[PDB]
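> Mind having a look at this structure? Questions to follow.
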Amino acid sequence: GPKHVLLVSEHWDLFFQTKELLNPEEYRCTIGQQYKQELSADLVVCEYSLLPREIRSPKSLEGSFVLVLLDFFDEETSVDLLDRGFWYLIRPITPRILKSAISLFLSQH
Amino acid sequence: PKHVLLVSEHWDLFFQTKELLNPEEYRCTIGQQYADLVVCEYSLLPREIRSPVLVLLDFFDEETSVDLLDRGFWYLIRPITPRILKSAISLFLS
């Protein structure tokens, strides 16, 4: 069965282009426009702008992992994501970067 | 404590980071070349090695990034402050 990746983003073009770079037998990608998890989600990739300020990805996690996409560098923003348990990428984020980051993340986890 | 090795010439970064990590939980040391966690400058990372590591980048290059991720390496791009590094370290090790 393929790993299921939910992208929470309004960047539809990023979604489609990243999806066609991931092998469907290994990864199934779906997109939403508001932060959530799904029962089948192995990984949620969420725009910082759609990620609620108050949520955490806790140490003894039983839900999905979440990787966060940031438009910008800001020190306390970064410190804050890291202490809340989210790793992230800062833009520029190309379909190629996102594909390899998704594969890397799910292979290490 | 977890052993964290920093491979970097950024001595200010080393000391200020180490100072933020509680020495009971983390033991940080420095290395001039390439541990529970290695943080390696891109400029001192081998280049044909794959990951068994967090790589510090001076700047953004799409091809470098793609390459590191496929080789198995996560990265931070500068600016990289001691508070950022201390938190990245704690995150990776938890």
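Residue numbering restarts at 1 in every chain; chains get A, B, ... in the order shown in the structure tokens, and ligands count up from 1 in that same order.
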Skip residue B:32 itself and residues of its chain fewer than 2 positions away, then list as a PDB file with C-alpha atoms, in the first residue's frame all residues within 7 Å of it, counting only C-alpha atoms.

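Written file, around.pdb:
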```
ATOM      1  CA  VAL B   7      31.689  19.979  12.245  1.00  0.00           C
ATOM      2  CA  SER B   8      32.090  23.711  11.558  1.00  0.00           C
ATOM      3  CA  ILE B  30      33.432  20.205  17.796  1.00  0.00           C
TER       4      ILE B  30
END
```
> May I have the residues within 12 Å of residue B:44 as a PyMOL selection string, using only C-alpha atoms and disregarding those fewer than 5 positions away in the same chain?
chain B and resi 6-10+31-34+38-39+49+55-58
> Dump N, CA, C and O atoms for the selected residues as a PDB file, in the first residue's frame?

```pdb
ATOM      1  N   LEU B   6      29.489  18.909  16.296  1.00  0.00           N
ATOM      2  CA  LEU B   6      29.417  19.977  15.317  1.00  0.00           C
ATOM      3  C   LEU B   6      30.687  20.038  14.460  1.00  0.00           C
ATOM      4  O   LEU B   6      31.760  20.293  14.975  1.00  0.00           O
ATOM      5  N   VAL B   7      30.561  19.851  13.154  1.00  0.00           N
ATOM      6  CA  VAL B   7      31.689  19.979  12.245  1.00  0.00           C
ATOM      7  C   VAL B   7      31.594  21.343  11.535  1.00  0.00           C
ATOM      8  O   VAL B   7      30.881  21.493  10.536  1.00  0.00           O
ATOM      9  N   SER B   8      32.287  22.364  12.060  1.00  0.00           N
ATOM     10  CA  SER B   8      32.090  23.711  11.558  1.00  0.00           C
ATOM     11  C   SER B   8      33.238  24.608  11.986  1.00  0.00           C
ATOM     12  O   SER B   8      33.872  24.291  12.977  1.00  0.00           O
ATOM     13  N   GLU B   9      33.497  25.719  11.277  1.00  0.00           N
ATOM     14  CA  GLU B   9      34.540  26.667  11.724  1.00  0.00           C
ATOM     15  C   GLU B   9      33.914  27.873  12.433  1.00  0.00           C
ATOM     16  O   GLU B   9      34.601  28.863  12.740  1.00  0.00           O
ATOM     17  N   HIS B  10      32.616  27.744  12.722  1.00  0.00           N
ATOM     18  CA  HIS B  10      31.815  28.839  13.208  1.00  0.00           C
ATOM     19  C   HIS B  10      31.915  28.717  14.737  1.00  0.00           C
ATOM     20  O   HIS B  10      31.038  28.140  15.376  1.00  0.00           O
ATOM     21  N   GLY B  31      34.439  19.380  15.738  1.00  0.00           N
ATOM     22  CA  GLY B  31      35.319  18.569  14.929  1.00  0.00           C
ATOM     23  C   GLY B  31      35.654  19.407  13.710  1.00  0.00           C
ATOM     24  O   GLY B  31      34.854  20.228  13.274  1.00  0.00           O
ATOM     25  N   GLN B  32      36.858  19.250  13.192  1.00  0.00           N
ATOM     26  CA  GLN B  32      37.289  20.070  12.081  1.00  0.00           C
ATOM     27  C   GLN B  32      36.972  19.304  10.811  1.00  0.00           C
ATOM     28  O   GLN B  32      37.048  19.836   9.708  1.00  0.00           O
ATOM     29  N   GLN B  33      36.590  18.047  10.946  1.00  0.00           N
ATOM     30  CA  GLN B  33      36.261  17.320   9.733  1.00  0.00           C
ATOM     31  C   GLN B  33      35.282  16.173   9.940  1.00  0.00           C
ATOM     32  O   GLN B  33      34.995  15.783  11.053  1.00  0.00           O
ATOM     33  N   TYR B  34      34.744  15.669   8.842  1.00  0.00           N
ATOM     34  CA  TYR B  34      33.782  14.595   8.882  1.00  0.00           C
ATOM     35  C   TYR B  34      34.499  13.309   8.497  1.00  0.00           C
ATOM     36  O   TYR B  34      34.292  12.257   9.107  1.00  0.00           O
ATOM     37  N   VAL B  38      25.157  14.486  14.261  1.00  0.00           N
ATOM     38  CA  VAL B  38      26.175  15.295  13.628  1.00  0.00           C
ATOM     39  C   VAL B  38      25.524  16.447  12.912  1.00  0.00           C
ATOM     40  O   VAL B  38      24.515  16.289  12.224  1.00  0.00           O
ATOM     41  N   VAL B  39      26.081  17.619  13.153  1.00  0.00           N
ATOM     42  CA  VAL B  39      25.684  18.809  12.471  1.00  0.00           C
ATOM     43  C   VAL B  39      26.906  19.227  11.695  1.00  0.00           C
ATOM     44  O   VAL B  39      27.927  19.625  12.260  1.00  0.00           O
ATOM     45  N   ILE B  49      28.986  11.127   0.043  1.00  0.00           N
ATOM     46  CA  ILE B  49      28.569  10.278   1.125  1.00  0.00           C
ATOM     47  C   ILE B  49      27.055  10.351   1.244  1.00  0.00           C
ATOM     48  O   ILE B  49      26.455  11.370   0.952  1.00  0.00           O
ATOM     49  N   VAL B  55      22.679  19.354   8.046  1.00  0.00           N
ATOM     50  CA  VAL B  55      23.693  20.022   7.259  1.00  0.00           C
ATOM     51  C   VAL B  55      23.358  21.478   7.245  1.00  0.00           C
ATOM     52  O   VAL B  55      22.217  21.840   7.153  1.00  0.00           O
ATOM     53  N   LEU B  56      24.364  22.318   7.381  1.00  0.00           N
ATOM     54  CA  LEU B  56      24.125  23.725   7.511  1.00  0.00           C
ATOM     55  C   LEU B  56      24.523  24.262   6.181  1.00  0.00           C
ATOM     56  O   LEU B  56      25.575  23.873   5.657  1.00  0.00           O
ATOM     57  N   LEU B  57      23.688  25.142   5.622  1.00  0.00           N
ATOM     58  CA  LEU B  57      23.929  25.714   4.312  1.00  0.00           C
ATOM     59  C   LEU B  57      24.030  27.176   4.461  1.00  0.00           C
ATOM     60  O   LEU B  57      23.283  27.762   5.232  1.00  0.00           O
ATOM     61  N   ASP B  58      24.957  27.759   3.718  1.00  0.00           N
ATOM     62  CA  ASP B  58      25.149  29.188   3.712  1.00  0.00           C
ATOM     63  C   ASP B  58      24.052  29.837   2.882  1.00  0.00           C
ATOM     64  O   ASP B  58      23.616  30.946   3.179  1.00  0.00           O
TER      65      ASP B  58
END
```
> As a CSV table (one decimal) with N, CA and C atoms, in the first residue's frame, please: all residues of chain B that backbone DSSP puts in helix (DSSP H, G or I).

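Output file part02.csv follows:
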```csv
chain,number,residue,atom,x,y,z
B,11,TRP,N,33.0,29.2,15.3
B,11,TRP,CA,33.3,28.9,16.7
B,11,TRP,C,32.3,29.6,17.6
B,12,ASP,N,31.9,30.8,17.2
B,12,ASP,CA,30.9,31.6,18.0
B,12,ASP,C,29.6,30.8,18.1
B,13,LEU,N,29.2,30.2,16.9
B,13,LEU,CA,28.0,29.4,16.9
B,13,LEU,C,28.2,28.2,17.8
B,14,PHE,N,29.3,27.6,17.8
B,14,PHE,CA,29.5,26.4,18.6
B,14,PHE,C,29.3,26.7,20.1
B,15,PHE,N,30.0,27.7,20.6
B,15,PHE,CA,30.0,28.0,22.0
B,15,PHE,C,28.7,28.5,22.5
B,16,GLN,N,28.1,29.4,21.7
B,16,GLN,CA,26.8,29.9,22.1
B,16,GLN,C,25.7,28.9,22.0
B,17,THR,N,25.8,27.9,21.1
B,17,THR,CA,24.8,26.9,21.1
B,17,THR,C,24.9,26.0,22.3
B,18,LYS,N,26.2,25.7,22.6
B,18,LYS,CA,26.5,24.7,23.6
B,18,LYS,C,26.0,25.2,24.9
B,42,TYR,N,27.9,22.2,5.2
B,42,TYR,CA,27.9,21.7,3.8
B,42,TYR,C,29.4,21.8,3.2
B,43,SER,N,30.1,22.9,3.5
B,43,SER,CA,31.4,23.1,3.0
B,43,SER,C,32.4,22.1,3.6
B,44,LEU,N,32.1,21.4,4.6
B,44,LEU,CA,32.9,20.3,5.1
B,44,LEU,C,32.2,19.0,5.0
B,62,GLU,N,18.7,25.3,-5.5
B,62,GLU,CA,17.8,24.2,-5.7
B,62,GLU,C,18.4,22.8,-5.9
B,63,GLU,N,19.5,22.8,-6.6
B,63,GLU,CA,20.2,21.5,-6.9
B,63,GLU,C,20.9,20.9,-5.7
B,64,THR,N,21.6,21.7,-5.0
B,64,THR,CA,22.2,21.3,-3.7
B,64,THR,C,21.2,20.7,-2.7
B,65,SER,N,20.0,21.4,-2.6
B,65,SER,CA,19.0,20.9,-1.7
B,65,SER,C,18.5,19.6,-2.1
B,66,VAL,N,18.1,19.4,-3.4
B,66,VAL,CA,17.6,18.2,-3.9
B,66,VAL,C,18.6,17.1,-3.6
B,67,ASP,N,19.9,17.4,-3.8
B,67,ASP,CA,20.9,16.4,-3.7
B,67,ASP,C,21.0,15.9,-2.3
B,68,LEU,N,21.0,16.8,-1.3
B,68,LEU,CA,21.2,16.4,0.1
B,68,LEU,C,20.0,15.6,0.6
B,69,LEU,N,18.8,16.1,0.3
B,69,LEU,CA,17.6,15.3,0.6
B,69,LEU,C,17.7,13.8,0.1
B,70,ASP,N,18.1,13.7,-1.2
B,70,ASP,CA,18.1,12.4,-1.8
B,70,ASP,C,19.3,11.6,-1.2
B,82,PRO,N,22.3,30.6,17.4
B,82,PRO,CA,22.4,29.5,18.4
B,82,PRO,C,21.1,29.0,18.9
B,83,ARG,N,20.1,29.9,19.1
B,83,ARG,CA,18.7,29.4,19.5
B,83,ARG,C,18.0,28.5,18.5
B,84,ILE,N,18.2,28.8,17.2
B,84,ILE,CA,17.7,27.9,16.2
B,84,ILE,C,18.4,26.6,16.3
B,85,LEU,N,19.7,26.6,16.2
B,85,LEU,CA,20.5,25.3,16.3
B,85,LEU,C,20.1,24.5,17.5
B,86,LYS,N,20.1,25.1,18.7
B,86,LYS,CA,19.8,24.4,20.0
B,86,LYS,C,18.4,23.7,19.9
B,87,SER,N,17.4,24.4,19.3
B,87,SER,CA,16.1,23.8,19.1
B,87,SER,C,16.1,22.7,18.0
B,88,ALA,N,16.8,22.9,17.0
B,88,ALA,CA,16.9,21.9,15.9
B,88,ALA,C,17.5,20.6,16.5
B,89,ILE,N,18.6,20.7,17.2
B,89,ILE,CA,19.2,19.6,17.9
B,89,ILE,C,18.3,18.9,18.9
B,90,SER,N,17.6,19.6,19.7
B,90,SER,CA,16.7,19.0,20.6
B,90,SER,C,15.6,18.3,19.9
B,91,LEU,N,15.1,18.9,18.8
B,91,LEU,CA,14.0,18.3,18.0
B,91,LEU,C,14.5,16.9,17.4
B,92,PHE,N,15.7,17.0,16.7
B,92,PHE,CA,16.2,15.8,16.1
B,92,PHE,C,16.4,14.6,17.1
B,93,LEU,N,16.9,15.0,18.2
B,93,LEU,CA,17.2,14.0,19.2
B,93,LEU,C,16.0,13.4,20.0
```
> Give me the residues near residue A:5 as an MDAnalysis selection string, where near means some atom within 8 Å (using only C-alpha atoms) and where sequence neighbours in that chain fewer than 3 positions away do not count.
chainID A and resid 27:30 41:45
> Can you list, as a PDB file with N, CA and C atoms, in the first residue's frame, every protein, DNA or RNA residue that comes within 6 Å of residue B:3 when you count only C-alpha atoms, leaving out same-chain residues fewer than 3 positions away?

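What ended up in out20.pdb:
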```
ATOM      1  N   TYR B  26      22.687  16.950  26.931  1.00  0.00           N
ATOM      2  CA  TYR B  26      23.492  16.959  25.715  1.00  0.00           C
ATOM      3  C   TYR B  26      24.943  17.300  26.019  1.00  0.00           C
ATOM      4  N   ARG B  27      25.811  16.605  25.300  1.00  0.00           N
ATOM      5  CA  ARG B  27      27.253  16.806  25.358  1.00  0.00           C
ATOM      6  C   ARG B  27      27.667  17.165  23.951  1.00  0.00           C
ATOM      7  N   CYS B  28      28.120  18.387  23.764  1.00  0.00           N
ATOM      8  CA  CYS B  28      28.413  18.894  22.445  1.00  0.00           C
ATOM      9  C   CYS B  28      29.890  19.046  22.282  1.00  0.00           C
ATOM     10  N   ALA B  35      28.710   9.660  17.593  1.00  0.00           N
ATOM     11  CA  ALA B  35      27.824  10.759  17.956  1.00  0.00           C
ATOM     12  C   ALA B  35      26.352  10.376  17.706  1.00  0.00           C
ATOM     13  N   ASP B  36      25.459  10.830  18.587  1.00  0.00           N
ATOM     14  CA  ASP B  36      24.025  10.663  18.378  1.00  0.00           C
ATOM     15  C   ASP B  36      23.526  11.562  17.230  1.00  0.00           C
TER      16      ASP B  36
END
```
> Could you tell me which residues of chain A sit within 7 Å of chain B when counting only C-alpha atoms, and give me the result as a PDB file with C-alpha atoms, in the first residue's frame?

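The file below, result_10.pdb, is the result:
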```pdb
ATOM      1  CA  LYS A  59       6.988  13.591  21.704  1.00  0.00           C
ATOM      2  CA  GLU A  75      14.215  33.496  14.151  1.00  0.00           C
ATOM      3  CA  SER A  78      11.585  28.984  13.594  1.00  0.00           C
ATOM      4  CA  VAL A  79      12.478  28.484  17.286  1.00  0.00           C
ATOM      5  CA  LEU A  82      10.932  23.544  16.394  1.00  0.00           C
ATOM      6  CA  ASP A  83       9.934  23.674  20.139  1.00  0.00           C
ATOM      7  CA  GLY A  85       7.752  19.685  17.374  1.00  0.00           C
ATOM      8  CA  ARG A  96      11.550  18.624  -6.759  1.00  0.00           C
ATOM      9  CA  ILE A  97      12.474  19.770  -3.226  1.00  0.00           C
ATOM     10  CA  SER A 100      12.545  14.525  -2.037  1.00  0.00           C
ATOM     11  CA  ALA A 101      11.576  15.958   1.351  1.00  0.00           C
ATOM     12  CA  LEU A 104      13.083  11.482   3.056  1.00  0.00           C
TER      13      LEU A 104
END
```
> For residue A:25, please output as a PyMOL selection string all residues within 12 Å (counting only C-alpha atoms; exclusion window: fewer than 4 positions along the same chain).
chain A and resi 1-4+19-21+29
> Please produce a file of those selected residues containing N, CA and C atoms, as a PDB file, in the first residue's frame.

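Here's the written file part.pdb:
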```pdb
ATOM      1  N   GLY A   1       0.822  -1.227   0.000  1.00  0.00           N
ATOM      2  CA  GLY A   1       0.000   0.000   0.000  1.00  0.00           C
ATOM      3  C   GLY A   1       0.858   1.280   0.000  1.00  0.00           C
ATOM      4  N   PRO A   2       0.444   2.321  -0.722  1.00  0.00           N
ATOM      5  CA  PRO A   2       1.298   3.506  -0.731  1.00  0.00           C
ATOM      6  C   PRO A   2       1.115   4.283   0.568  1.00  0.00           C
ATOM      7  N   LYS A   3       2.156   4.993   1.030  1.00  0.00           N
ATOM      8  CA  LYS A   3       2.041   6.019   2.064  1.00  0.00           C
ATOM      9  C   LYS A   3       1.102   7.103   1.578  1.00  0.00           C
ATOM     10  N   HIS A   4       0.250   7.636   2.483  1.00  0.00           N
ATOM     11  CA  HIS A   4      -0.659   8.730   2.194  1.00  0.00           C
ATOM     12  C   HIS A   4      -0.150  10.074   2.786  1.00  0.00           C
ATOM     13  N   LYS A  19       2.994  15.840  -6.966  1.00  0.00           N
ATOM     14  CA  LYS A  19       2.347  14.549  -7.066  1.00  0.00           C
ATOM     15  C   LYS A  19       2.878  13.696  -8.270  1.00  0.00           C
ATOM     16  N   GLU A  20       3.044  14.316  -9.429  1.00  0.00           N
ATOM     17  CA  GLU A  20       3.479  13.589 -10.594  1.00  0.00           C
ATOM     18  C   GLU A  20       4.960  13.214 -10.484  1.00  0.00           C
ATOM     19  N   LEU A  21       5.687  13.753  -9.506  1.00  0.00           N
ATOM     20  CA  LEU A  21       7.075  13.321  -9.321  1.00  0.00           C
ATOM     21  C   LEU A  21       7.164  12.198  -8.320  1.00  0.00           C
ATOM     22  N   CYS A  29      -1.171  11.157  -2.715  1.00  0.00           N
ATOM     23  CA  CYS A  29      -1.196  12.531  -2.290  1.00  0.00           C
ATOM     24  C   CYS A  29      -2.556  13.078  -2.525  1.00  0.00           C
TER      25      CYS A  29
END
```
> Can you measure atom CA of residue A:6 to atom CA of residue A:46 for me? One decimal in Å is fine.
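Calculated distance between atom CA of residue A:6 and atom CA of residue A:46 is 8.2 Å.
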> Can you tell me which residues surround residue A:33 at a distance of at most 7 Å, considering only C-alpha atoms, apart from same-chain residues fewer than 5 positions away, and format the answer as a ChimeraX atom specification?
/A:8-10
> Could you take the residues named above and write them with C-alpha atoms, as an mmCIF file, in the first residue's frame?

```cif
data_model
loop_
_atom_site.group_PDB
_atom_site.id
_atom_site.type_symbol
_atom_site.label_atom_id
_atom_site.label_comp_id
_atom_site.auth_asym_id
_atom_site.auth_seq_id
_atom_site.Cartn_x
_atom_site.Cartn_y
_atom_site.Cartn_z
ATOM 1 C CA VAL A 8 -2.650 21.486 3.379
ATOM 2 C CA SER A 9 -2.049 24.288 0.928
ATOM 3 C CA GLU A 10 -3.720 26.555 -1.618
#
```
> Give me, please, the distance in Å between atom CA of residue A:68 and atom CA of residue B:21, quoted to one decimal.
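These atoms are spaced 24.4 Å apart.
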> From a backbone DSSP assignment, name each residue in chain A labelled strand (DSSP E or B), as a PDB file with N, CA, C and O atoms, in the first residue's frame.

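Output saved as out-v2.pdb:
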```pdb
ATOM      1  N   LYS A   3       2.156   4.993   1.030  1.00  0.00           N
ATOM      2  CA  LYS A   3       2.041   6.019   2.064  1.00  0.00           C
ATOM      3  C   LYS A   3       1.102   7.103   1.578  1.00  0.00           C
ATOM      4  O   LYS A   3       1.175   7.448   0.414  1.00  0.00           O
ATOM      5  N   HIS A   4       0.250   7.636   2.483  1.00  0.00           N
ATOM      6  CA  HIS A   4      -0.659   8.730   2.194  1.00  0.00           C
ATOM      7  C   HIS A   4      -0.150  10.074   2.786  1.00  0.00           C
ATOM      8  O   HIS A   4       0.130  10.212   3.981  1.00  0.00           O
ATOM      9  N   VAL A   5      -0.048  11.049   1.908  1.00  0.00           N
ATOM     10  CA  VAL A   5       0.460  12.350   2.216  1.00  0.00           C
ATOM     11  C   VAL A   5      -0.695  13.330   1.974  1.00  0.00           C
ATOM     12  O   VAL A   5      -1.256  13.365   0.893  1.00  0.00           O
ATOM     13  N   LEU A   6      -1.071  14.092   3.004  1.00  0.00           N
ATOM     14  CA  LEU A   6      -2.001  15.204   2.821  1.00  0.00           C
ATOM     15  C   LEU A   6      -1.245  16.522   2.786  1.00  0.00           C
ATOM     16  O   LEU A   6      -0.506  16.848   3.720  1.00  0.00           O
ATOM     17  N   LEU A   7      -1.429  17.268   1.702  1.00  0.00           N
ATOM     18  CA  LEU A   7      -0.872  18.590   1.601  1.00  0.00           C
ATOM     19  C   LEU A   7      -1.995  19.540   2.019  1.00  0.00           C
ATOM     20  O   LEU A   7      -3.042  19.509   1.448  1.00  0.00           O
ATOM     21  N   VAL A   8      -1.766  20.344   3.057  1.00  0.00           N
ATOM     22  CA  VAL A   8      -2.650  21.486   3.379  1.00  0.00           C
ATOM     23  C   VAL A   8      -2.043  22.742   2.804  1.00  0.00           C
ATOM     24  O   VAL A   8      -1.109  23.312   3.355  1.00  0.00           O
ATOM     25  N   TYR A  27       3.500   6.432  -2.928  1.00  0.00           N
ATOM     26  CA  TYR A  27       2.888   7.631  -2.306  1.00  0.00           C
ATOM     27  C   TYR A  27       1.582   8.007  -2.991  1.00  0.00           C
ATOM     28  O   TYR A  27       1.517   8.023  -4.214  1.00  0.00           O
ATOM     29  N   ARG A  28       0.564   8.271  -2.168  1.00  0.00           N
ATOM     30  CA  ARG A  28      -0.730   8.787  -2.579  1.00  0.00           C
ATOM     31  C   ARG A  28      -0.891  10.153  -1.907  1.00  0.00           C
ATOM     32  O   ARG A  28      -0.741  10.289  -0.702  1.00  0.00           O
ATOM     33  N   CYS A  29      -1.171  11.157  -2.715  1.00  0.00           N
ATOM     34  CA  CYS A  29      -1.196  12.531  -2.290  1.00  0.00           C
ATOM     35  C   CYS A  29      -2.556  13.078  -2.525  1.00  0.00           C
ATOM     36  O   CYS A  29      -3.142  12.862  -3.590  1.00  0.00           O
ATOM     37  N   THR A  30      -3.044  13.819  -1.529  1.00  0.00           N
ATOM     38  CA  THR A  30      -4.327  14.512  -1.618  1.00  0.00           C
ATOM     39  C   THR A  30      -4.124  15.882  -1.034  1.00  0.00           C
ATOM     40  O   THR A  30      -3.090  16.102  -0.400  1.00  0.00           O
ATOM     41  N   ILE A  31      -5.030  16.820  -1.310  1.00  0.00           N
ATOM     42  CA  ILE A  31      -4.794  18.222  -0.946  1.00  0.00           C
ATOM     43  C   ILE A  31      -5.985  18.754  -0.168  1.00  0.00           C
ATOM     44  O   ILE A  31      -7.095  18.397  -0.466  1.00  0.00           O
ATOM     45  N   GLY A  32      -5.766  19.611   0.829  1.00  0.00           N
ATOM     46  CA  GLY A  32      -6.870  20.283   1.467  1.00  0.00           C
ATOM     47  C   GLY A  32      -6.481  21.732   1.714  1.00  0.00           C
ATOM     48  O   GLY A  32      -5.315  22.127   1.547  1.00  0.00           O
ATOM     49  N   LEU A  43       1.643  11.314   6.558  1.00  0.00           N
ATOM     50  CA  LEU A  43       2.273  12.620   6.656  1.00  0.00           C
ATOM     51  C   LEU A  43       1.305  13.729   6.220  1.00  0.00           C
ATOM     52  O   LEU A  43       0.593  13.636   5.205  1.00  0.00           O
ATOM     53  N   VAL A  44       1.250  14.769   7.045  1.00  0.00           N
ATOM     54  CA  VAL A  44       0.598  15.993   6.638  1.00  0.00           C
ATOM     55  C   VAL A  44       1.652  17.080   6.365  1.00  0.00           C
ATOM     56  O   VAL A  44       2.447  17.367   7.215  1.00  0.00           O
ATOM     57  N   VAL A  45       1.633  17.683   5.174  1.00  0.00           N
ATOM     58  CA  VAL A  45       2.488  18.831   4.858  1.00  0.00           C
ATOM     59  C   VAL A  45       1.614  20.129   4.903  1.00  0.00           C
ATOM     60  O   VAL A  45       0.654  20.288   4.161  1.00  0.00           O
ATOM     61  N   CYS A  46       1.884  21.016   5.845  1.00  0.00           N
ATOM     62  CA  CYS A  46       0.970  22.144   6.069  1.00  0.00           C
ATOM     63  C   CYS A  46       1.717  23.455   5.864  1.00  0.00           C
ATOM     64  O   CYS A  46       2.767  23.610   6.448  1.00  0.00           O
ATOM     65  N   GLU A  47       1.177  24.358   5.028  1.00  0.00           N
ATOM     66  CA  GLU A  47       1.591  25.751   4.952  1.00  0.00           C
ATOM     67  C   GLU A  47       1.562  26.369   6.369  1.00  0.00           C
ATOM     68  O   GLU A  47       0.587  26.145   7.117  1.00  0.00           O
ATOM     69  N   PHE A  65       2.656  12.528  11.432  1.00  0.00           N
ATOM     70  CA  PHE A  65       3.727  13.563  11.446  1.00  0.00           C
ATOM     71  C   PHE A  65       3.248  14.793  10.658  1.00  0.00           C
ATOM     72  O   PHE A  65       2.378  14.626   9.838  1.00  0.00           O
ATOM     73  N   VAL A  66       3.805  16.000  10.917  1.00  0.00           N
ATOM     74  CA  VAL A  66       3.456  17.167  10.171  1.00  0.00           C
ATOM     75  C   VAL A  66       4.765  17.834   9.832  1.00  0.00           C
ATOM     76  O   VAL A  66       5.597  17.999  10.688  1.00  0.00           O
ATOM     77  N   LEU A  67       4.937  18.176   8.565  1.00  0.00           N
ATOM     78  CA  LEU A  67       6.069  18.948   8.098  1.00  0.00           C
ATOM     79  C   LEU A  67       5.493  20.298   7.642  1.00  0.00           C
ATOM     80  O   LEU A  67       4.433  20.358   7.050  1.00  0.00           O
ATOM     81  N   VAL A  68       6.186  21.376   7.931  1.00  0.00           N
ATOM     82  CA  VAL A  68       5.626  22.705   7.684  1.00  0.00           C
ATOM     83  C   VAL A  68       6.415  23.476   6.635  1.00  0.00           C
ATOM     84  O   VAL A  68       7.634  23.428   6.609  1.00  0.00           O
ATOM     85  N   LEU A  69       5.692  24.168   5.756  1.00  0.00           N
ATOM     86  CA  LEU A  69       6.256  25.010   4.711  1.00  0.00           C
ATOM     87  C   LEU A  69       6.071  26.474   5.105  1.00  0.00           C
ATOM     88  O   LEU A  69       4.950  26.908   5.265  1.00  0.00           O
ATOM     89  N   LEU A  70       7.183  27.198   5.170  1.00  0.00           N
ATOM     90  CA  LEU A  70       7.291  28.589   5.583  1.00  0.00           C
ATOM     91  C   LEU A  70       7.622  29.490   4.371  1.00  0.00           C
ATOM     92  O   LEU A  70       8.445  29.134   3.529  1.00  0.00           O
ATOM     93  N   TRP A  87       9.331  20.156  12.200  1.00  0.00           N
ATOM     94  CA  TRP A  87      10.397  20.465  11.291  1.00  0.00           C
ATOM     95  C   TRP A  87       9.725  21.196  10.125  1.00  0.00           C
ATOM     96  O   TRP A  87       8.509  21.068   9.927  1.00  0.00           O
ATOM     97  N   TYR A  88      10.507  21.927   9.333  1.00  0.00           N
ATOM     98  CA  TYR A  88       9.971  22.755   8.284  1.00  0.00           C
ATOM     99  C   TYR A  88      10.950  22.939   7.116  1.00  0.00           C
ATOM    100  O   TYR A  88      12.133  22.717   7.240  1.00  0.00           O
ATOM    101  N   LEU A  89      10.432  23.398   5.995  1.00  0.00           N
ATOM    102  CA  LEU A  89      11.254  24.002   4.971  1.00  0.00           C
ATOM    103  C   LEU A  89      10.846  25.453   4.753  1.00  0.00           C
ATOM    104  O   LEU A  89       9.679  25.780   4.753  1.00  0.00           O
ATOM    105  N   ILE A  90      11.826  26.312   4.505  1.00  0.00           N
ATOM    106  CA  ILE A  90      11.551  27.655   4.105  1.00  0.00           C
ATOM    107  C   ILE A  90      11.642  27.803   2.608  1.00  0.00           C
ATOM    108  O   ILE A  90      12.516  27.174   2.009  1.00  0.00           O
TER     109      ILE A  90
END
```
> Work out how far apart atom CA of residue B:23 and atom CA of residue A:84 are and give it in Å to one decimal.
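Interatomic distance, atom CA of residue B:23 to atom CA of residue A:84: 21.7 Å.
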